[PDB]
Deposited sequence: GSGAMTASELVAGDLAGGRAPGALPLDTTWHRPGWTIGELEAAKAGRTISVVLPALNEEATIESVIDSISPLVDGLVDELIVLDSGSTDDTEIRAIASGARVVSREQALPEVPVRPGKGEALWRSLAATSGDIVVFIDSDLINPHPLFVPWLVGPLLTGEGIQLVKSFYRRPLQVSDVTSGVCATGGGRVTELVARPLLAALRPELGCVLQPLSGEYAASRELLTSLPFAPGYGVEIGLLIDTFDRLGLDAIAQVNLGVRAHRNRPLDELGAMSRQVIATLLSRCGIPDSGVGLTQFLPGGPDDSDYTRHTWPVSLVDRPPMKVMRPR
C-alpha cells in the first residue's frame, strides 16, 4: 500500500464474514440510470441476490429515462425511484450529481453504495469488495474503486489533481462511478452538479477527513458505454469547474463551445446542492 489504504488484490472476506461485521449498520445500494435499457438488468441481477442479506436495500435512481429502463428494472424486481419521487418538494435539475444527491433522501442505509448502471457484465462481488474497508476497517468513510482507457480521468482529472491537490495523486480512479461511503459523511457534503459529483466528493472528503479516511479496492476490469469525444468535452468542462472551485479558483461559468463547421454550446453549472442534512 501507499499512504492511501489500497487493496491491490482480490479481497479475502467472505459474504458471511462481511454480513457479521455490519453490527446493526444497514447497507443501501443505489443505481443511477439515464437511458440504460441494454445493461440495467445485468447490473441489477449482479446485486439482487444480496438483498435481505448483506444488502438491506436496492434502488434504481431513474434520471428521466425515455427508453425501457424503468420497466426492465421493475421486471428484475428492483424498486425504481424517479428524481421527483426521491424528493418531491424540490424541483428537479438535470445531471448525475442531482440523482445521487436525491438518492440520499430515498435510502436509509448507514452505508450507501453507488454502481453505474451502464456496466457490461459487472462482477457480482463488486458490492462486497467495496464495503470491506468500511465494515472491517477503522475510520474509513469512503471507498473508491479502480480498474484497467479513462480518457477524462488520465488527461484531465489525474493531471489536474497533481497540479492542485497532489496529495491525491495516489488515487488511481478518482472519477470512478463505483464507490461506497457512510451516510454521515455523504449527507454532510454538498453535491456538485452533473458529472462533477465524484471529483467534488473526493476532494471535500480529503479536505475534511484527510487520506486516512479513504480506501481504494481493485474491481479488476470494467467495460462500459464509450461516449463520443464531444460528450466527453462537456463532461471534462464540468469536472474542471468543480475541481477549480474546491481549490479556491474562480470559474468563468462559461460553457464549452464546439464547432462541428457548425457551433454548439454545452451547459456547465457552478451550483452545488447543499448537504442533505439541511433538508432534515
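Enquirer: Taking the deposited sequence as numbered from 1, list the residue ranges that were left without C-alpha coordinates.
Expert: Holes in the chain trace, numbered from 1: 1-22, 171-186, 299-306, 327-328.
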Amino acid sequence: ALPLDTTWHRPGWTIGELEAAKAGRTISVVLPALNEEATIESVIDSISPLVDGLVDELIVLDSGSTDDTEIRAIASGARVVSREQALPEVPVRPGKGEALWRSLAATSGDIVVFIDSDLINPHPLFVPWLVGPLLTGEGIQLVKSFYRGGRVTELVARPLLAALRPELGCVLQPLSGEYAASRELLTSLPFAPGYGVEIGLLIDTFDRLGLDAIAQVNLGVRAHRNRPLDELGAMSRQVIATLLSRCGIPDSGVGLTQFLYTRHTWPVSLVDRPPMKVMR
From here on, numbers count along this sequence of modelled residues.
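The term rigid core refers to the most C-alpha atoms you can superpose between the two forms while keeping them within 1.5 Å.
Enquirer: Rigid core superposition, C-alpha RMS per stretch in 8 other deposited structures of this protein: which comes out larger, 8-16 or 262-270?
Expert: Stretch with the higher C-alpha RMS distance in 8 other deposited structures of this protein: 8-16.
Enquirer: Do the CA atoms of 22-30 or those of 234-242 have the higher mean B-factor in the entry?
Expert: Taking the mean B-factor of the alpha carbons in each, 22-30 is higher.
Enquirer: If you average the CA temperature factors over each stretch, which comes out higher, 271-279 or 2-10?
Expert: Result of the comparison: 2-10.
Enquirer: Between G194, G139, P159, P190, let me know which has the highest C-alpha B-factor in the entry?
Expert: The C-alpha B-factor peaks, among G194, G139, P159, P190, at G139.
Enquirer: Classify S117 as lowest, middle or highest third according to the C-alpha B-factor given in the PDB entry, relative to its own chain.
Expert: CA B-factor rank for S117: lowest third.
Enquirer: Among the modelled residues of its chain, does the C-alpha B-factor of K96 lie in the lowest, middle or highest third?
Expert: Lowest third of the chain for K96's C-alpha B-factor.
Enquirer: Taking only the Cα B-factors deposited for this chain, tell me whether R83 sits in the lowest, middle or highest third.
Expert: Ranked within chain, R83 CA B lands in the middle tercile.
Enquirer: Quick one: classify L135 as lowest, middle or highest third of the chain based on its Cα B-factor.
Expert: Its C-alpha B-factor, which the entry lists for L135, ranks in the highest third among residues of this chain.
Enquirer: For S46, return the chain-relative third of its C-alpha B-factor as stated in the PDB record: lowest, middle or highest.
Expert: Ranked within chain, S46 CA B lands in the lowest tercile.
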